[PDB]
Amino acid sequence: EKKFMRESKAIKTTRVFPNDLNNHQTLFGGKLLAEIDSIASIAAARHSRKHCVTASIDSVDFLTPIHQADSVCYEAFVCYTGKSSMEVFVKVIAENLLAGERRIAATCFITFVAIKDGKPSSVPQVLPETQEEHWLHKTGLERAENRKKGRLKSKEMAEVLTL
């Protein structure tokens, strides 16, 4: 079965809470990364319609500092698939509420996997229908490959560290 990339899209608009602020009253990278895993998993659920799990998150670069005045929106769709794997694109936009002026804060490639009876299950492939969607699709296979290599470099480090 097949599924449009818009059929698994999830948005989360929210205020910045002051507990989640730091030494200079800026949002902790961690809370951003927490919001990205949660919105990203919803997309992954909508698309595969089965119980998923976070396997990897690609590198994330924090472009701009977020404040107590700012709002923060997390847009998330599925833009690639293997058999059980989903690559979810997530864009993080920070709107200053009073000033009104938006700015891009982080973008993230994050990788969800469907699981059934403890074993990974099949997921429908996603098909793009937008310039941005198309470019993501085209470029996606390259990343999925750079990731298989990355996964092995992580597993090696788990074993070196052991001994």
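The first residue of the sequence shown is number 1, and the count goes up from there.
Taking the PDB entry as given, 98-106 carries the higher mean Cα B factor of the two stretches 98-106 and 66-74. For the pair 9-17 and 136-144, the record assigns the higher mean C-alpha temperature factor to 136-144. Highest CA B-factor among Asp58, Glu35, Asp61, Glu129, as stated in the entry: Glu129. Sort the modelled residues of the chain by CA B factor and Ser122 lands in the highest third. Among all modelled residues in this chain, the alpha-carbon of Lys149 has a temperature factor (C-alpha) in the middle third. In the PDB entry, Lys116 places in the highest third of its chain by CA B-factor. For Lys31, the recorded CA B-factor ranks within the lowest third of the chain. Only modelled residues enter the ranking.
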